[PDB]
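Below you'll find the structure, written out as C-alpha cells, and then a few comments.
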Amino acid sequence: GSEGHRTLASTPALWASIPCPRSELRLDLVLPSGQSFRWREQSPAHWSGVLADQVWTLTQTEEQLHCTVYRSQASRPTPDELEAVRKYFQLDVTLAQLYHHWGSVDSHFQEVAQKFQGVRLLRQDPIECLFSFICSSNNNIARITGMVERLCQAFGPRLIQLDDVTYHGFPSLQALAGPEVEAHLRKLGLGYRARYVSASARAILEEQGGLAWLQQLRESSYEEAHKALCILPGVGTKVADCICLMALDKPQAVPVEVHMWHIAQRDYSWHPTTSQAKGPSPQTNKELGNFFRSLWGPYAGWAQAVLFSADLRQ
DNA sequence: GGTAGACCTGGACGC
DNA sequence: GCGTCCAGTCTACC
Ligand SMILES: Nc1nc2[nH]c(N)nc2c(=O)[nH]1
Ligand SMILES: [Ca+2]
C-alpha cells in the first residue's frame with residue numbers, strides 16, 4: 001500500500017491533477033521516444049522518473065494529467081511542484097495550435113498527425129541532455145536507456161527507492177570529470193563514448209568556464225548555441241541539434257539522422273540539390289535540416305518530433 | 001574541402 | 001545456433 005510505486009487507484013489522496021487533454025500530451029508517445037531516456041512505465045499507463053530532483057509517477061485520463069511525488073509524510077504535490085511538471089512539459093505551448101499550422105502547410109503531416117496527437121517536446125536540463133545524447137550516437141534507444149541508467153546509478157545522487165528500484169539524480173559535471181570515470185564507464189558498457197563523457201565534462205569545467213557556459217546558451221541564438229556545443233568531444237552537428245532543441249529552447253533545431261532521412265525520401269521524395277553528395281554527408285544533412293525548417297517554420301524541431309516519434313512506432 | 005572507414009555493444013534477421 | 005546489420009563522430013587523405 002504505502003510501499004512500491006503508486007498507481008492512481010491504489011493511493012487516491014496522494015495524486016493531484018493538471019488540466020491537460022490527451023490531445024495536448026500523450027505520455028506513451030513522449031516518454032519512451034528518445035527525448036528523455038529516464039522514464040519507465042513501471043505499472044501499466046503509469047510512468048515514473050526523476051523530474052526536478054525528485055521522483056514522480058505520472059498517468060493520464062482523457063482530460064487530466066495525474067501526478068504524484070516521492071520526496072516527510074507522504075502527501076499530494078503542491079501547486080508549486082505541479083508547476084515544475086507543467087514547465088517540464090512546456091504546457092503553455094498549445095500543441096493544437098502547432099499541429100493546425102503544420103498540417104495546413106504540409107498535407108503529409110496532417111495525415112500522420114491525425115493518429116499521433118499529443119507529441120510535444122520536453123524542456124530538459126542541459127547537463128542531462130548533453131551527456132544523454134553524447135551516449136546516443138551510433139546507438140539504439142534500448143541500449144542508450146541502459147547506458148544512461150548505469151551512468152546515473154554509479155555517479156548520480158541517490159534519491160529514493162521504490163520496490164527494488166533506486167532512483168538517482170543525473171550526475172554533476174564535477175562527478176563526470178572525476179579521475180578514472182572513463183574506465184568505470186567502460187565497465188558499464190558505454191563503449192568508446194565513455195571517453196567522450198569524461199573528456200566533455202573536463203572540457204566544460206576546465207576549458208569553457210563551467211556550468212554557466214552551458215546554461216548561458218539558452219539566451220544565445222540557435223546558431224551560436226549549436227556552434228558552441230560542437231566544440232565538445234563526441235558532439236557533432238546532430239547531437240548538438242538534439243541538445244539545442246530539447247534543452248536550450250531552440251524550437252527550430254532539426255536533428256538529422258537515419259530516421260529523418262528515411263522520412264524525407266519516403267514521404268516527401270526529397271533529394272539534396274545544393275549539396276555535392278546524393279546520400280547522407282555533412283553537406284546533405286545540413287541541407288535536409290534547412291528543408292524541414294523551410295517546410296514547417298520556427299517550430300520545425302517540434303514537428304520533427306511528431307514524425308520521428310511516429311517513425312519509431314512504425 | 002568533401003569523402004571512406006573504423007568504432008563499443010547487443011538485439012535482429014538471414015541462412 | 002552464428003556472421004553480418006544497424007541503431008553519429010572523428011580522422012586520416014585525395
Ligand atoms: N531526429 C532525432 N534523432 C534523435 N535521436 C535521439 N536519440 N532522439 C532523437 C530525436 O528526438 N530526434
Ligand atoms: Ca548507422
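A note on names: the letters A, B, ... follow the listed sequences, proteins ahead of strands, and every chain is numbered from 1. Side-chain atoms are counted along with the backbone in the values below, which use heavy atoms only and exclude waters and symmetry mates.
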**OP:** Would you check if the distance from the ring center of A:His5 to the ring center of A:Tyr167 is below 6.0 Å?
**Re:** yes

Write down the distance separating the [atom1] atoms in [N] and [M], rounded off to the nearest Å.
| N | M | atom1 | result |
| --- | --- | --- | --- |
| C:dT9 | B:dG11 | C1' | 23 Å |
| B:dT3 | C:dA7 | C1' | 22 Å |
| B:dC7 | C:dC13 | P | 14 Å |
| B:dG5 | C:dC5 | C1' | 16 Å |
| B:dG2 | C:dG8 | P | 22 Å |

**OP:** Describe the nucleic acid contact of A:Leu232 in one word from base, sugar-phosphate, nothing, applying a heavy-atom distance below 4.0 Å.
**Re:** sugar-phosphate

Side-chain donor-acceptor contact under 3.5 Å, [X] with [Y]:
| X | Y | result |
| --- | --- | --- |
| A:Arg6 | A:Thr68 | yes |
| A:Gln42 | A:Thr57 | no |
| A:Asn285 | A:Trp261 | yes |
| A:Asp125 | A:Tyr88 | no |
| A:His66 | A:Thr61 | yes |

Measure the distance from [atom1] on [X] to [atom2] on [N] and round it to the nearest whole Å.
| X | N | atom1 | atom2 | answer |
| --- | --- | --- | --- | --- |
| A:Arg143 | B:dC7 | CZ | P | 15 Å |
| A:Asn138 | B:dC7 | CG | P | 12 Å |
| A:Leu188 | B:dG10 | CG | P | 12 Å |
| A:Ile134 | B:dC8 | CD1 | P | 16 Å |
| A:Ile141 | B:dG11 | CD1 | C1' | 14 Å |
| A:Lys286 | B:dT3 | NZ | P | 15 Å |
| A:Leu190 | B:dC8 | CG | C1' | 9 Å |

When the side chains of residues 134-141 of chain A are checked against the rest of the protein, which donor-acceptor pairs come out under 3.5 Å, sequence neighbours left out?
residue: A:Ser136; atom: OG; partner: A:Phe133; partner atom: O; Å: 2.6
residue: A:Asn138; atom: OD1; partner: A:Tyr192; partner atom: OH; Å: 3.2

Could you pull out all donor-acceptor pairs under 3.5 Å where a side-chain atom in residues 291-298 of chain A meets a protein atom, sequence neighbours excluded?
residue: A:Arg293; atom: NH1; partner: A:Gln252; partner atom: O; Å: 3.1
residue: A:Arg293; atom: NH2; partner: A:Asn290; partner atom: OD1; Å: 2.9
residue: A:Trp296; atom: NE1; partner: A:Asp106; partner atom: OD2; Å: 2.9

Original post:
Taking C-beta and beyond as the side chain, do A:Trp302 and A:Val119 meet within less than 4.5 Å on heavy atoms?
Top reply: no

**OP:** State, yes or no, whether a side-chain contact exists between A:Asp92 and A:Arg86 at a heavy-atom distance under 4.5 Å.
**Re:** yes

**OP:** Tell me which residues in residues 191-198 of chain A put a heavy atom below 4.0 Å from DNA chain B, sorted by number, or none.
**Re:** A:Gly191, A:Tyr192, A:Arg193

**OP:** Kindly state whether the bases of C:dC5 and C:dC6 qualify as stacked, with ring centres closer than 5.5 Å and planes tilted less than 30 degrees?
**Re:** yes

Subject >> Approximate separation, where rounding is to 0.5 Å, of A:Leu162 CG and A:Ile160 CD1 >> reply: 3.5 Å

Subject >> Upstream residue (5' side of DNA chain C) when A:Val235 and A:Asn139 are each assigned their closest nucleotide >> reply: A:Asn139

Subject >> Side-chain-base donor-acceptor pair under 3.5 Å for A:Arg186 and B:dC8 >> reply: no

Original post:
Name the stems with DNA chain C in them: runs of three or more consecutive Watson-Crick or G-U pairs, distances under 3.5 Å?
Top reply: B:3-7 with C:8-12, B:9-14 with C:2-7

Original post:
Nucleotide range of DNA chain C contacted by chain A, 5' to 3', under 4.0 Å to a heavy atom?
Top reply: C:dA7 to C:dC10

**OP:** Could you pull out all residues at least two apart from A:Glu257 that satisfy salt bridge (charged side-chain N to carboxylate O under 4.0 Å, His left out)?
**Re:** none

